[PDB]
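No Cβ is skipped: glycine too gets one built from the backbone with ideal geometry, and neighbour counts run over all protein chains shown. The values are calculated or read from the model by the stated rules, or taken from the named source; nothing here is a laboratory result.
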Amino acid sequence: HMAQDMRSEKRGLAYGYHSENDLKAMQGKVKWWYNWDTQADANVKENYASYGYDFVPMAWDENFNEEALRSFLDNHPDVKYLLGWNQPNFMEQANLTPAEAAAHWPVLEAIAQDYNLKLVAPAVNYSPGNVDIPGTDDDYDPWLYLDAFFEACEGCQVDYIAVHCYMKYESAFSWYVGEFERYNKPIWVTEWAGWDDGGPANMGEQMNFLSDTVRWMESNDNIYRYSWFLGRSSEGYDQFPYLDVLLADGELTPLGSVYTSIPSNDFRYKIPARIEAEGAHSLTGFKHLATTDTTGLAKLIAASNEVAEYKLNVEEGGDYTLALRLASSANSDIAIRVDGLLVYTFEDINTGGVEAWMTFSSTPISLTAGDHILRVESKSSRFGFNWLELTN
Ligand SMILES: OC[C@H]1O[C@@H](O[C@@H]2[C@@H](O)[C@H](O[C@@H]3[C@@H](O)[C@H](O[C@H]4[C@H](O)[C@@H](CO)O[C@](O)(O[C@@H]5[C@@H](O)[C@H](O)O[C@H](CO)[C@H]5O)[C@@H]4O)O[C@H](CO)[C@H]3O)O[C@H](CO)[C@H]2O)[C@H](O)[C@@H](O)[C@@H]1O
Ligand SMILES: OC[C@H]1O[C@@H](O[C@@H]2[C@@H](O)[C@H](O[C@@H]3[C@@H](O)[C@H](O[C@@H]4[C@@H](O)[C@H](O)O[C@H](CO)[C@H]4O)O[C@H](CO)[C@H]3O)O[C@H](CO)[C@H]2O)[C@H](O)[C@@H](O)[C@@H]1O
Ligand SMILES: OC[C@H]1O[C@@H](O)[C@H](O)[C@@H](O)[C@@H]1O
Ligand SMILES: [Mg+2]
């Protein structure tokens, strides 16, 4: 039962109904959260900090309960950030022109001064265009909105940019978020999921999109924080567009397992440990699906020559046995490398079905103390891969 280091410093969640069991389930894998509101969720307000979280209050629009916000900040001095207006460029959200959003900003600056907070700019996305931006017909444009906001907010304290995105193509997401780097402030992606343009065709597509975009954000130094939309949805995890991270109390969905398992660039796994397959530091080709296996929640799926790499901090050199939890309708071959060198091949792995699971163990593999890359390579095979375990 190896206690791993903090999996990510950037990763957060957008959700307002956490239990303590929910925070414990994500502990050490999620750093922060917000709930669109002025104080932490009632059932975790007393104890959230003891599980490693910081809570980020929000002033959703200019009519936010300032008394409630200041009272919360009086009792929670670890709070470091405050989020400004939610989608002011949407008539159905905060509904403030750039000039109005700037005119109300001093209320937030006074709170930031009083409690030593940094401020996140109002969150924007492409909009229906029903909040006017002066000087353009392109009222839908989020950069034109922020340009006008900053021009009106002369001298304002704005430490970070907030971005929402509902595109479903990872290359569109990276282009879009990258456009906000022009303002020379670290970015918080405070809501995203694949949803527009028809959205995901199935849960696996959303899991793949989440993986691609989380991995891009972990590697982009200009991204400060990100939070998936959202913890739980009213319709639930298996209904389009498959949003939920949390399932039953204190438990994750398949998508939430992917979200919480993906490591930062600098995180390193300690061993002996079981490591979820979806916690790879690097994936080439591998895709994601839910699994019906008796443990675990998500699986990687190979169809050809896919590669997954896991970066290890081996504190005790020695001979470790590698177990893989696998499903394979035909014969699968899987090559295992350490720092690029072949140490073992699983040969003719066959379970008889895509959700017929077995655990397969290697011979002992010599690992010296230090940093190593464990590489799991499909050799022209079709299989599912739930988790791995290194034992000594
Ligand atoms: O239900 C209301 C709801 O609205 C939310 O805000 C929406 C907002 O999300 C929406 O944004 C669209 C956006 O999805 C669209 O993305 C484009 C990219 O601009 C484009 C740039 O390269 O890439 C994409 O992916 O197109 C290419 C693919 O078609 C193709 O396959 O090739 C590439 C992939 O290989 C892709 O690049 C995307 O399609 O962009 C348009 C503008 O161009 C945005 O409008 O816009 C809505 C209004 O029109 C908003 O309402 C809001 O957050 C939420 O609160 C609210 O509830
Ligand atoms: O500050 C005072 C104002 O309080 C307003 O009540 C807010 C309430 O609106 C807020 O609801 C949020 C939604 O804003 C959020 O909508 C999503 C968008 O943020 C996003 O961009 O798009 C998605 C679509 O994909 C929207 O669903 O969704 C979350 C989660 O469902 C809601 O919690 O919540 C605040 C905290 O509870 C609450 O204060 C009120 O409407 C104003 O009249 C009032 O002035
Ligand atoms: O001109 C109409 C504009 O409407 C907006 O809602 C869209 O996001 C733009 O892509 C489009 O060009
Ligand atoms: Mg798994």
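Looking only at region 297-352, count how many residues are buried (at least 17 other Cβ atoms within 10 Å of the Cβ) and out of contact with any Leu (no Cβ under 9 Å at 6 or more places or on another chain).
4
Under 6 Å by Cβ, and 6 or more places apart or on different chains, what pairs join a residue from region 121-140 that is away from ligand 3 (no atom under 12 Å from the Cβ) with one that is among the charged types (D, E, K, R)?
These pairs meet every condition: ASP132/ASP139; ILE133/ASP139.
With respect to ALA110, determine if the residue is away from ligand 3 (no atom under 12 Å from the Cβ) and free of Cβ contacts under 8 Å to residues at least 12 places away in the same chain. Spell out how you get there, then give the answer.
Details: away from ligand 3 (no atom under 12 Å from the Cβ): yes; free of Cβ contacts under 8 Å to residues at least 12 places away in the same chain: yes.
Spelling it out, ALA110 is indeed away from ligand 3 (no atom under 12 Å from the Cβ) and free of Cβ contacts under 8 Å to residues at least 12 places away in the same chain.
Would you mind stating whether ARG215 is away from ligand 1 (no atom under 14 Å from the Cβ), crowded, with 16+ Cβ neighbours inside 10 Å and either over 17 Å from the mean Cα position of the chain (by Cα) or not acidic (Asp, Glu) (or both)?
yes
How do the pairs read when you match residues in region 145-169 that are in the same structural domain as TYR81 (by TED's automatic domain parsing) and within 19 Å of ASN125 (Cβ to Cβ) with residues anywhere that are within 16 Å of ligand 1 (Cβ to nearest atom) and polar (S, T, N, Q), using Cβ under 6 Å and keeping only pairs 6 or more apart or on different chains?
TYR145/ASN89; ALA162/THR190; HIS164/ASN125
Going by the conditions given, is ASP41 touching a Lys or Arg at 6+ places or on another chain (Cβ under 7 Å), assigned by TED's automatic domain parsing to the domain that holds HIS164 and within 30 Å of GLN4 (Cα to Cα)?
no
All but one of (1) buried (at least 17 other Cβ atoms within 10 Å of the Cβ); (2) within 16 Å of ligand 3 (Cβ to nearest atom) hold for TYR169, so report the exception by its number.
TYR169 satisfies every listed condition except (1).
Restricting region 328-363 to residues that are small (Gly, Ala, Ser) and in a strand (DSSP E or B), which is nearest to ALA308 (Cα to Cα)?
Applying the first criterion (small (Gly, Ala, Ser)) to region 328-363 yields 328-330, 332, 335, 340, 352-353, 356, 361-362.
The next check asks that each one be in a strand (DSSP E or B); those that pass are 332, 335, 361.
On the way: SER332: 16, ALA335: 11, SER361: 18 Å.
The extreme case among them is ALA335.
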